[PDB]
Amino acid sequence: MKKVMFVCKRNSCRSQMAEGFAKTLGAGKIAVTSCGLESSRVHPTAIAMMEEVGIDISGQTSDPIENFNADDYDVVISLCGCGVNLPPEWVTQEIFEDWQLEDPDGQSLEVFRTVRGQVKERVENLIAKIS
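- As recorded in the PDB header, solution NMR is the method behind this entry.

In structure tokens form, the structure reads like this:
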């Protein structure tokens, strides 16, 4: 299928969640992956907020951007604040976006819920373009 990527920074739960919604909502329409995990591990509070909607982001893990090749992912979604000097292969894709969204860092459950919800709409919009 069309290959997709979600690049992560800060508490990477927001951007790996974008992949978690994208595997869920893009199922059988796209192939989807994530990279960067700047929180050095996943964050159980995000897993709980995704369990609250029947999604899993604990099985996800760290793998650096420099080992990826956007030339091999037709649609790439940075979440680095639309201000990172991605190699030019990250631009030639069918989609190149940067969902410069909120930061759940070590926040309340409400931000872990809210950022997830706002991400899910961006995910579903991306899906609406491709799937």
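**A closer look at empty space enclosed by the protein**
So, point 1. By the definition in use, this model includes 1 cavity of 30 Å³ or more.
So, point 2. The volume enclosed by the largest cavity comes to roughly 40 Å³.
So, point 3. Secondary structure elements with two or more residues in the lining of the largest cavity: α1 (13-25) and α4 (109-130).
So, point 4. Looking at side-chain class alone, the lining of the largest cavity contains 6 nonpolar, no polar and 2 charged residues.

**Quick look at the pattern of salt bridges**
So, point 1. All told, the structure shown has 7 salt bridges when counted by the stated rule.
So, point 2. Between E121 and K120 there is a salt bridge, with the nearest N and O atoms lying 2.7 Å from each other.
So, point 3. The class of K120 is partly exposed, set by a relative accessible area of 23%.
So, point 4. For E124, the salt bridge identified is with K120, shortest N-O distance 2.8 Å. Placement of both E124 and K120 in helix α4 is noted, with a separation of 4 residues, approximately one turn of the helix.
So, point 5. The partly exposed category is assigned to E124, whose relative accessible area is 35%.
So, point 6. Several salt bridges share partner residues, and in doing so they unite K120, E121 and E124 into one network.

**Let's talk about α1**
So, point 1. For α1, built from 13 residues, the straight-helix expectation of 18 Å at 1.5 Å per residue is met to within 8% by its first-to-last C-alpha distance of 17 Å.
So, point 2. Taking burial as the measure, the 13 residues of α1 include 10 buried ones, the bulk of the element.
So, point 3. Taken together, the buried positions of α1 are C13, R14, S15, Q16, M17, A18, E19, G20, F21 and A22.
So, point 4. Packing partners of the buried residues in α1 comprise β1 (2-7), β2 (30-35), α2 (44-51) and α4.

**Brief notes about the environment of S78**
So, point 1. For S78, the location among the structural elements is in strand β3 (residues 75-78).
So, point 2. Leave out the neighbours within four places in its chain, and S78 touches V7, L86, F96, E97, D98 and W99.
So, point 3. Within the structure, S78 has its side chain in polar contact with the backbone nitrogen of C80 (distance 3.5 Å).

**Here's the deal with α4**
For the α-helix, the turn length of 3.6 residues means that residues three or four positions removed from each other point alike.
So, point 1. Its 22 residues place the ends of α4 31 Å apart at the C-alpha level, agreeing with the 32 Å of an ideal helix rising 1.5 Å per residue.
So, point 2. Restricting attention to buried positions, one finds in α4 the residues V111, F112, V115, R116, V119, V123, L126, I127 and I130. Buried positions in α4, seen along its axis, are confined to an arc of 135° and lie on one side of it. Looking at α4, the residues exposed on the side facing more than 90 degrees away from the buried face are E110 and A128.

What counts, and where the lines are drawn
Residues numbered from 1 in each chain as written, not as in the entry; some residues may be left out. Heavy atoms only, no water. 1 Å grid on protein atoms, 1.4 Å probe; cavity = no way out; pocket = protein on both sides within 12 Å on 5 of 7 lines; lining within 4 Å. Points joined across faces, edges and corners; volume = space filled by probe spheres on them. Helix = DSSP H or I, 4+ residues; strand = E, 2+ residues; numbered from the N terminus. Nonpolar A, V, L, I, M, F, W, Y, C, P; charged D, E, K, R; others polar. Salt bridge = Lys/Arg side-chain N within 4 Å of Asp/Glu carboxyl O. Buried < 20%, exposed > 50% of the residue type's maximum accessible area, 1.4 Å probe, protein only. Expected span 1.5 Å × (residues − 1). Contact = heavy atoms within 4.5 Å. Polar contact = N/O pair within 3.5 Å; in protein donor to acceptor, adjacent residues only side chain to side chain. Arc of directions from axis to C-beta.

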